[PDB]
$ cat structure04.cif   # mmCIF, C-alpha atoms
data_run
#
loop_
_atom_site.group_PDB
_atom_site.id
_atom_site.type_symbol
_atom_site.label_atom_id
_atom_site.label_comp_id
_atom_site.auth_asym_id
_atom_site.auth_seq_id
_atom_site.Cartn_x
_atom_site.Cartn_y
_atom_site.Cartn_z
ATOM 1 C CA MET A 73 -76.348 15.580 76.107
ATOM 2 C CA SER A 74 -74.087 15.315 73.043
ATOM 3 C CA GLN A 75 -76.906 14.046 70.806
ATOM 4 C CA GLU A 76 -79.309 16.947 71.288
ATOM 5 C CA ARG A 77 -76.706 19.207 69.655
ATOM 6 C CA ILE A 78 -76.888 17.366 66.309
ATOM 7 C CA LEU A 79 -78.789 19.467 63.726
ATOM 8 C CA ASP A 80 -78.564 17.081 60.739
ATOM 9 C CA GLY A 81 -81.922 15.279 60.627
ATOM 10 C CA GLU A 82 -85.048 14.466 62.629
ATOM 11 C CA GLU A 83 -85.258 13.057 66.152
ATOM 12 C CA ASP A 84 -85.519 9.487 64.849
ATOM 13 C CA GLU A 85 -83.202 9.880 61.843
ATOM 14 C CA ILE A 86 -80.385 10.606 64.293
ATOM 15 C CA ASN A 87 -81.194 7.566 66.449
ATOM 16 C CA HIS A 88 -80.912 5.188 63.491
ATOM 17 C CA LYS A 89 -77.860 6.882 61.945
ATOM 18 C CA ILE A 90 -76.168 6.403 65.318
ATOM 19 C CA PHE A 91 -77.295 2.785 65.779
ATOM 20 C CA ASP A 92 -76.035 1.755 62.332
ATOM 21 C CA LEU A 93 -72.629 2.998 63.505
ATOM 22 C CA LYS A 94 -73.136 1.600 67.019
ATOM 23 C CA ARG A 95 -73.891 -1.792 65.514
ATOM 24 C CA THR A 96 -70.910 -1.347 63.169
ATOM 25 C CA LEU A 97 -68.728 -1.187 66.281
ATOM 26 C CA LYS A 98 -70.854 -3.735 68.175
ATOM 27 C CA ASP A 99 -69.078 -6.292 65.966
ATOM 28 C CA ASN A 100 -66.469 -5.804 68.688
ATOM 29 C CA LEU A 101 -63.169 -5.066 66.931
ATOM 30 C CA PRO A 102 -64.275 -4.382 63.319
ATOM 31 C CA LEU A 103 -62.843 -2.279 60.471
ATOM 32 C CA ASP A 104 -62.431 1.367 61.513
ATOM 33 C CA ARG A 105 -61.024 2.385 58.123
ATOM 34 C CA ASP A 106 -63.562 3.283 55.434
ATOM 35 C CA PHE A 107 -66.181 3.123 58.195
ATOM 36 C CA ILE A 108 -65.086 6.731 58.623
ATOM 37 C CA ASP A 109 -66.166 7.363 55.019
ATOM 38 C CA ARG A 110 -69.536 5.870 55.995
ATOM 39 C CA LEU A 111 -69.789 8.328 58.890
ATOM 40 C CA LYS A 112 -68.691 11.389 56.929
ATOM 41 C CA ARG A 113 -71.600 10.580 54.619
ATOM 42 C CA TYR A 114 -74.111 10.029 57.419
ATOM 43 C CA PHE A 115 -73.346 13.466 58.880
ATOM 44 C CA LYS A 116 -71.697 15.892 56.475
ATOM 45 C CA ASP A 117 -71.025 18.404 59.280
ATOM 46 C CA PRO A 118 -67.819 18.159 61.425
ATOM 47 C CA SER A 119 -69.774 19.299 64.466
ATOM 48 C CA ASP A 120 -72.224 16.426 63.915
ATOM 49 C CA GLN A 121 -69.559 13.778 63.290
ATOM 50 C CA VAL A 122 -67.698 14.701 66.496
ATOM 51 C CA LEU A 123 -70.849 14.708 68.647
ATOM 52 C CA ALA A 124 -71.782 11.289 67.278
ATOM 53 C CA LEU A 125 -68.435 9.765 68.290
ATOM 54 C CA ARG A 126 -68.985 11.326 71.725
ATOM 55 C CA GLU A 127 -72.188 9.295 72.085
ATOM 56 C CA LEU A 128 -70.304 6.138 71.097
ATOM 57 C CA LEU A 129 -67.937 6.845 74.013
ATOM 58 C CA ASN A 130 -70.928 6.909 76.375
ATOM 59 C CA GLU A 131 -71.622 3.172 76.021
ATOM 60 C CA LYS A 132 -69.731 0.226 77.580
ATOM 61 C CA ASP A 133 -68.247 -2.270 77.366
ATOM 62 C CA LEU A 134 -66.819 -2.285 73.808
ATOM 63 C CA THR A 135 -64.368 -0.482 74.909
ATOM 64 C CA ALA A 136 -61.033 -0.199 76.795
ATOM 65 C CA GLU A 137 -58.874 -0.411 73.676
ATOM 66 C CA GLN A 138 -61.019 0.839 70.802
ATOM 67 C CA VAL A 139 -62.034 3.810 72.944
ATOM 68 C CA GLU A 140 -58.457 4.847 72.206
ATOM 69 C CA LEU A 141 -59.009 4.376 68.460
ATOM 70 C CA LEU A 142 -62.293 6.300 68.686
ATOM 71 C CA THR A 143 -60.870 9.345 70.497
ATOM 72 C CA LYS A 144 -58.074 9.491 67.930
ATOM 73 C CA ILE A 145 -60.639 9.896 65.138
ATOM 74 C CA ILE A 146 -62.415 12.643 67.060
ATOM 75 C CA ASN A 147 -59.081 14.495 67.314
ATOM 76 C CA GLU A 148 -58.527 13.699 63.626
ATOM 77 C CA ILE A 149 -61.513 15.809 62.585
ATOM 78 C CA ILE A 150 -61.129 18.487 65.267
ATOM 79 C CA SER A 151 -57.441 18.914 64.424
ATOM 80 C CA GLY A 152 -57.776 21.264 61.460
ATOM 81 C CA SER A 153 -61.014 22.988 62.406
ATOM 82 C CA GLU A 154 -61.151 23.414 66.189
ATOM 83 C CA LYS A 155 -62.970 26.760 65.815
ATOM 84 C CA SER A 156 -65.574 25.537 63.338
ATOM 85 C CA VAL A 157 -66.412 22.397 65.370
ATOM 86 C CA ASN A 158 -66.581 24.240 68.730
ATOM 87 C CA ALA A 159 -68.660 27.081 67.278
ATOM 88 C CA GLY A 160 -71.225 24.602 65.927
ATOM 89 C CA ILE A 161 -71.336 22.508 69.075
ATOM 90 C CA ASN A 162 -71.559 25.380 71.573
ATOM 91 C CA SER A 163 -74.247 27.286 69.641
ATOM 92 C CA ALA A 164 -76.384 24.229 68.810
ATOM 93 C CA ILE A 165 -79.037 24.750 71.500
ATOM 94 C CA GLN A 166 -79.601 28.391 70.550
ATOM 95 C CA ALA A 167 -79.759 27.306 66.910
ATOM 96 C CA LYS A 168 -82.558 24.987 68.028
ATOM 97 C CA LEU A 169 -84.279 27.546 70.266
ATOM 98 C CA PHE A 170 -84.169 30.262 67.618
ATOM 99 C CA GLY A 171 -84.666 27.974 64.633
ATOM 100 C CA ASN A 172 -88.119 27.228 66.010
ATOM 101 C CA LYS A 173 -88.721 30.733 67.345
ATOM 102 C CA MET A 174 -88.272 32.192 63.820
ATOM 103 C CA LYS A 175 -89.352 28.998 62.050
ATOM 104 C CA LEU A 176 -85.966 28.404 60.426
ATOM 105 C CA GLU A 177 -83.763 25.342 59.861
ATOM 106 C CA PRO A 178 -81.380 25.199 62.898
ATOM 107 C CA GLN A 179 -78.323 24.069 60.905
ATOM 108 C CA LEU A 180 -78.764 27.267 58.883
ATOM 109 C CA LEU A 181 -78.393 29.229 62.101
ATOM 110 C CA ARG A 182 -75.386 27.307 63.445
ATOM 111 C CA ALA A 183 -73.791 27.999 60.049
ATOM 112 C CA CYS A 184 -74.608 31.722 60.497
ATOM 113 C CA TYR A 185 -72.885 32.077 63.860
ATOM 114 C CA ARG A 186 -70.048 29.767 62.827
ATOM 115 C CA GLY A 187 -69.502 31.983 59.762
ATOM 116 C CA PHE A 188 -69.756 35.162 61.806
ATOM 117 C CA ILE A 189 -66.948 34.233 64.219
ATOM 118 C CA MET A 190 -64.549 33.725 61.301
ATOM 119 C CA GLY A 191 -65.479 36.257 58.671
ATOM 120 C CA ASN A 192 -63.412 39.270 57.627
ATOM 121 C CA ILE A 193 -66.188 41.592 56.376
ATOM 122 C CA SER A 194 -67.324 45.015 57.604
ATOM 123 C CA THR A 195 -70.022 45.382 60.253
ATOM 124 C CA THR A 196 -72.330 46.665 57.498
ATOM 125 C CA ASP A 197 -71.670 43.860 54.989
ATOM 126 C CA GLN A 198 -72.527 41.423 57.772
ATOM 127 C CA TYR A 199 -75.858 43.094 58.560
ATOM 128 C CA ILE A 200 -76.628 43.161 54.811
ATOM 129 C CA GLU A 201 -75.762 39.464 54.373
ATOM 130 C CA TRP A 202 -78.042 38.306 57.214
ATOM 131 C CA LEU A 203 -80.794 40.474 55.712
ATOM 132 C CA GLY A 204 -80.563 38.598 52.405
ATOM 133 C CA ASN A 205 -79.993 35.142 53.909
ATOM 134 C CA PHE A 206 -82.750 35.270 56.535
ATOM 135 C CA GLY A 207 -85.130 37.875 55.114
ATOM 136 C CA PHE A 208 -86.239 41.292 56.288
ATOM 137 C CA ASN A 209 -88.344 39.946 59.182
ATOM 138 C CA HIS A 210 -85.487 38.152 60.992
ATOM 139 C CA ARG A 211 -82.937 40.953 60.679
ATOM 140 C CA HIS A 212 -83.188 41.942 64.366
ATOM 141 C CA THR A 213 -83.694 38.431 65.819
ATOM 142 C CA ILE A 214 -80.676 37.051 64.015
ATOM 143 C CA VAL A 215 -78.442 39.406 66.017
ATOM 144 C CA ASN A 216 -79.946 38.217 69.318
ATOM 145 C CA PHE A 217 -79.301 34.651 68.206
ATOM 146 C CA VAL A 218 -75.677 35.557 67.382
ATOM 147 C CA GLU A 219 -75.276 37.395 70.696
ATOM 148 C CA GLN A 220 -76.953 34.644 72.715
ATOM 149 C CA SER A 221 -74.697 32.004 71.094
ATOM 150 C CA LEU A 222 -71.621 34.122 71.846
ATOM 151 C CA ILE A 223 -72.609 34.368 75.519
ATOM 152 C CA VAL A 224 -72.844 30.579 75.555
ATOM 153 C CA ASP A 225 -69.715 29.948 73.516
ATOM 154 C CA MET A 226 -67.665 31.895 76.071
ATOM 155 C CA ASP A 227 -69.241 30.259 79.127
ATOM 156 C CA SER A 228 -68.476 26.856 77.533
ATOM 157 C CA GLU A 229 -65.739 24.483 78.666
ATOM 158 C CA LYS A 230 -64.303 24.435 75.140
ATOM 159 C CA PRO A 231 -64.876 27.870 73.495
ATOM 160 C CA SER A 232 -64.045 28.448 69.839
ATOM 161 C CA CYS A 233 -62.026 31.667 70.309
ATOM 162 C CA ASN A 234 -59.566 32.844 72.948
ATOM 163 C CA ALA A 235 -59.985 35.904 75.152
ATOM 164 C CA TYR A 236 -58.658 38.264 72.444
ATOM 165 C CA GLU A 237 -60.721 36.825 69.611
ATOM 166 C CA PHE A 238 -63.817 36.783 71.864
ATOM 167 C CA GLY A 239 -63.028 40.376 72.721
ATOM 168 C CA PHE A 240 -62.861 41.475 69.058
ATOM 169 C CA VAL A 241 -65.916 39.445 67.961
ATOM 170 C CA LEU A 242 -67.896 41.347 70.604
ATOM 171 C CA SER A 243 -66.817 44.736 69.213
ATOM 172 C CA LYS A 244 -68.064 43.527 65.779
ATOM 173 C CA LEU A 245 -71.295 42.761 67.597
ATOM 174 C CA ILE A 246 -71.646 46.088 69.399
ATOM 175 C CA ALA A 247 -71.401 47.836 66.008
ATOM 176 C CA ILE A 248 -74.014 45.501 64.526
ATOM 177 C CA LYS A 249 -76.265 46.396 67.502
ATOM 178 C CA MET A 250 -75.775 50.077 66.536
ATOM 179 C CA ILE A 251 -76.658 49.468 62.897
ATOM 180 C CA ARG A 252 -79.849 47.876 64.221
ATOM 181 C CA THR A 253 -80.526 50.863 66.492
ATOM 182 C CA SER A 254 -80.544 53.309 63.537
ATOM 183 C CA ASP A 255 -82.505 50.746 61.493
ATOM 184 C CA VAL A 256 -85.237 50.840 64.137
ATOM 185 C CA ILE A 257 -85.051 54.676 64.212
ATOM 186 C CA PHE A 258 -85.131 55.053 60.430
ATOM 187 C CA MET A 259 -88.137 52.714 60.299
ATOM 188 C CA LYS A 260 -90.008 55.056 62.684
ATOM 189 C CA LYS A 261 -89.231 57.852 60.208
ATOM 190 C CA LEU A 262 -90.442 55.903 57.152
ATOM 191 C CA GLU A 263 -93.864 55.412 58.783
ATOM 192 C CA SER A 264 -94.403 58.991 59.996
ATOM 193 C CA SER A 265 -93.355 60.256 56.550
ATOM 194 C CA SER A 266 -95.358 57.360 55.090
ATOM 195 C CA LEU A 267 -93.405 56.972 51.837
ATOM 196 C CA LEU A 268 -93.637 53.192 51.601
ATOM 197 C CA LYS A 269 -97.326 53.633 52.535
ATOM 198 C CA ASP A 270 -98.572 53.883 48.934
ATOM 199 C CA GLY A 271 -96.821 50.679 47.786
ATOM 200 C CA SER A 272 -94.245 52.009 45.323
ATOM 201 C CA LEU A 273 -91.211 51.627 47.599
ATOM 202 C CA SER A 274 -90.050 48.542 49.505
ATOM 203 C CA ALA A 275 -88.824 49.099 53.068
ATOM 204 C CA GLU A 276 -85.974 46.674 52.379
ATOM 205 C CA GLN A 277 -84.461 48.645 49.509
ATOM 206 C CA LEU A 278 -85.096 51.838 51.505
ATOM 207 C CA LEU A 279 -82.968 50.370 54.296
ATOM 208 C CA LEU A 280 -80.294 49.136 51.872
ATOM 209 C CA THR A 281 -80.015 52.734 50.694
ATOM 210 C CA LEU A 282 -79.285 53.890 54.232
ATOM 211 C CA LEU A 283 -76.608 51.227 54.807
ATOM 212 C CA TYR A 284 -74.731 52.359 51.696
ATOM 213 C CA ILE A 285 -74.719 55.925 53.009
ATOM 214 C CA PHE A 286 -72.966 54.542 56.093
ATOM 215 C CA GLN A 287 -70.401 52.817 53.856
ATOM 216 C CA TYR A 288 -69.886 55.545 51.239
ATOM 217 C CA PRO A 289 -71.209 58.922 52.526
ATOM 218 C CA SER A 290 -69.550 60.715 49.597
ATOM 219 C CA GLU A 291 -71.855 59.032 47.065
ATOM 220 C CA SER A 292 -74.984 59.703 49.154
ATOM 221 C CA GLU A 293 -76.523 61.778 46.331
ATOM 222 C CA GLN A 294 -75.717 58.998 43.848
ATOM 223 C CA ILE A 295 -77.045 56.412 46.331
ATOM 224 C CA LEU A 296 -80.474 58.016 46.736
ATOM 225 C CA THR A 297 -80.921 57.968 42.957
ATOM 226 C CA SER A 298 -82.933 54.742 42.744
ATOM 227 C CA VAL A 299 -85.223 56.081 45.474
ATOM 228 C CA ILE A 300 -85.842 59.414 43.718
ATOM 229 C CA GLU A 301 -87.067 57.678 40.554
ATOM 230 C CA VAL A 302 -89.765 55.819 42.523
ATOM 231 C CA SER A 303 -90.271 58.679 44.996
ATOM 232 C CA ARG A 304 -91.075 61.478 42.519
ATOM 233 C CA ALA A 305 -94.108 59.562 41.119
ATOM 234 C CA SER A 306 -95.920 60.036 44.455
ATOM 235 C CA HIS A 307 -93.914 61.899 47.112
ATOM 236 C CA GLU A 308 -91.679 64.990 47.357
ATOM 237 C CA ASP A 309 -87.886 65.423 47.652
ATOM 238 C CA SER A 310 -87.649 67.451 50.867
ATOM 239 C CA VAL A 311 -89.487 64.432 52.322
ATOM 240 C CA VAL A 312 -87.101 61.634 51.283
ATOM 241 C CA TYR A 313 -84.072 63.751 52.255
ATOM 242 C CA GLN A 314 -85.575 64.821 55.581
ATOM 243 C CA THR A 315 -86.309 61.152 56.397
ATOM 244 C CA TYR A 316 -82.647 60.219 56.004
ATOM 245 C CA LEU A 317 -81.307 63.404 57.621
ATOM 246 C CA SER A 318 -83.337 63.481 60.859
ATOM 247 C CA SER A 319 -82.676 59.700 61.084
ATOM 248 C CA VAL A 320 -78.903 60.254 61.023
ATOM 249 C CA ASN A 321 -78.695 62.936 63.717
ATOM 250 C CA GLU A 322 -80.524 60.796 66.271
ATOM 251 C CA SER A 323 -78.591 57.627 65.359
ATOM 252 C CA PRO A 324 -75.419 56.166 66.962
ATOM 253 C CA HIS A 325 -72.372 58.179 65.896
ATOM 254 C CA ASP A 326 -69.777 55.419 65.664
ATOM 255 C CA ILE A 327 -71.722 53.736 62.840
ATOM 256 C CA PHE A 328 -69.659 55.793 60.399
ATOM 257 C CA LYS A 329 -65.960 55.171 59.743
ATOM 258 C CA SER A 330 -65.256 58.386 61.694
ATOM 259 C CA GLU A 331 -66.877 61.608 62.942
ATOM 260 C CA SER A 332 -65.682 63.682 59.984
ATOM 261 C CA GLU A 333 -66.516 60.877 57.568
ATOM 262 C CA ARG A 334 -69.916 61.202 59.234
ATOM 263 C CA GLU A 335 -69.903 64.897 58.283
ATOM 264 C CA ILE A 336 -69.571 64.056 54.573
ATOM 265 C CA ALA A 337 -72.995 62.420 54.959
ATOM 266 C CA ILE A 338 -74.829 64.965 57.141
ATOM 267 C CA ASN A 339 -73.621 67.816 54.918
ATOM 268 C CA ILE A 340 -74.713 66.142 51.670
ATOM 269 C CA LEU A 341 -78.182 65.460 53.124
ATOM 270 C CA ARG A 342 -78.371 69.007 54.485
ATOM 271 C CA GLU A 343 -77.296 70.409 51.108
ATOM 272 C CA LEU A 344 -79.692 68.077 49.270
ATOM 273 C CA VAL A 345 -82.674 68.826 51.531
ATOM 274 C CA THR A 346 -82.290 72.634 51.355
ATOM 275 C CA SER A 347 -81.591 72.509 47.605
ATOM 276 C CA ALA A 348 -84.842 70.549 47.266
ATOM 277 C CA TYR A 349 -86.736 73.174 49.315
ATOM 278 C CA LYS A 350 -85.856 76.147 47.078
ATOM 279 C CA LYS A 351 -86.823 74.149 43.967
ATOM 280 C CA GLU A 352 -90.195 73.300 45.531
ATOM 281 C CA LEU A 353 -91.071 76.715 46.983
ATOM 282 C CA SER A 354 -89.955 78.238 43.656
ATOM 283 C CA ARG A 355 -93.032 76.741 41.942
#

$ encode --input "structure04.cif" --output "structure tokens"
Amino acid sequence: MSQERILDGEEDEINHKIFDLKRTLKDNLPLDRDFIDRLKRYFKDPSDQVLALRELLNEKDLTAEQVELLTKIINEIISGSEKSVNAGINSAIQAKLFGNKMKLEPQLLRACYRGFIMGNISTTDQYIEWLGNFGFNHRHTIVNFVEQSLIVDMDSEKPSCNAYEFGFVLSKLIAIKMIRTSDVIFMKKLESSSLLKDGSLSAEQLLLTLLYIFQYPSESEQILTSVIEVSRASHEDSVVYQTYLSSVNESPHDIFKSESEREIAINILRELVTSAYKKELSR
């Protein structure tokens, strides 16, 4: 149905918002102008407005004349944002499935996928944004939601992107599934090394540190500065460096901008770990 995909209100709140605009047209030939302004205020979202008008087209007989004036309003909203409306309609069942799975407001999820398909930010900045928006806990689930909505958006009769845009969006999603793979790996290293174990360090900021090493491997030493301050007070230095180093070697290679831009990171961690060994075995 076209009503189930409306994420702006409760089950009943949608029924009444739709009947106040079903009774507005039940006048049989009323005022369509300014009634639009009283529909754009019922449902602020373009995906919700368009699905509402689709439910008005499901009832007869009002009808064979104003159905022409109704479908021209639908195309009035859609014409300007065909990608935003289709991305929010197509991914509205997954936003409902996952919004309850993670206990999250569904329209927050539809806005996440809809913003993913038309965002020009690096694969890392995306991962980092979803981490802040949806919390540490939902940093892996949010990428299954995005992937599951993409699978549905494609297999939909009115997708948001064409073959080429759906091809590129998937490469942005393979990378994000690689960032997650090294996130999982790193997390296995943080527990065995048990640095966050005492309570001083947060696993979130520990992760953030790793992401920045992926972005700027040259400033790795400068990056791990905030960690060292909180690390010294309890743990070593050949421990924090070994955690990041062994994590990198067994992580997906393409995460870095290149293979030699990957070297700038492995070499700095190798130089920093061995330089920490001789200043620890020296005392």

$ resolve_selection --input "structure04.cif" --expression "the PyMOL selection byres ((chain A and resi 210-217) around 9)" --output "MDAnalysis selection string"
chainID A and resid 166:167 169:170 174 181 184:185 199:200 202:204 206:209 218:222 245 248:249 252

$ atom_distance --input "structure04.cif" --atom1 "CA of residue 122 in chain A" --atom2 "CA of residue 137 in chain A"
18.9 Å

$ atom_distance --input "structure04.cif" --atom1 "CA of residue 336 in chain A" --atom2 "CA of residue 315 in chain A"
17.1 Å

$ residues_around --input "structure04.cif" --residues "residue 237 in chain A" --least-positions-apart "3" --cutoff "12 Å" --atoms "all atoms listed in the file" --output "PyMOL selection string"
chain A and resi 155+189-191+222+225-226+231-234+240-244

$ closest_residue --input "structure04.cif" --among "A:272, A:332, A:321, A:100" --to "residue 299 in chain A" --atoms "all atoms listed in the file"
A:272

$ closest_residue --input "structure04.cif" --among "A:148, A:92, A:270, A:85" --to "residue 128 in chain A" --atoms "all atoms listed in the file"
A:92

$ atom_distance --input "structure04.cif" --atom1 "CA of residue 83 in chain A" --atom2 "CA of residue 132 in chain A"
23.2 Å

$ residues_around --input "structure04.cif" --residues "residue 314 in chain A" --least-positions-apart "5" --cutoff "12 Å" --atoms "all atoms listed in the file" --output "list in words"
residues 258, 261, 262, 264, 265, 267, 308, 309, 319, 320, 321, 338, 340, 341, 342, 343, 344, 345, 346, 347, 348 and 349 of chain A

$ closest_residue --input "structure04.cif" --among "A:98, A:154, A:78, A:73" --to "residue 130 in chain A" --atoms "all atoms listed in the file"
A:73

$ closest_residue --input "structure04.cif" --among "A:250, A:79, A:118, A:109" --to "residue 179 in chain A" --atoms "only C-alpha atoms"
A:79

$ closest_residue --input "structure04.cif" --among "A:158, A:121, A:318, A:294" --to "residue 145 in chain A" --atoms "only C-alpha atoms"
A:121

$ closest_residue --input "structure04.cif" --among "A:165, A:285, A:129, A:101" --to "residue 333 in chain A" --atoms "all atoms listed in the file"
A:285
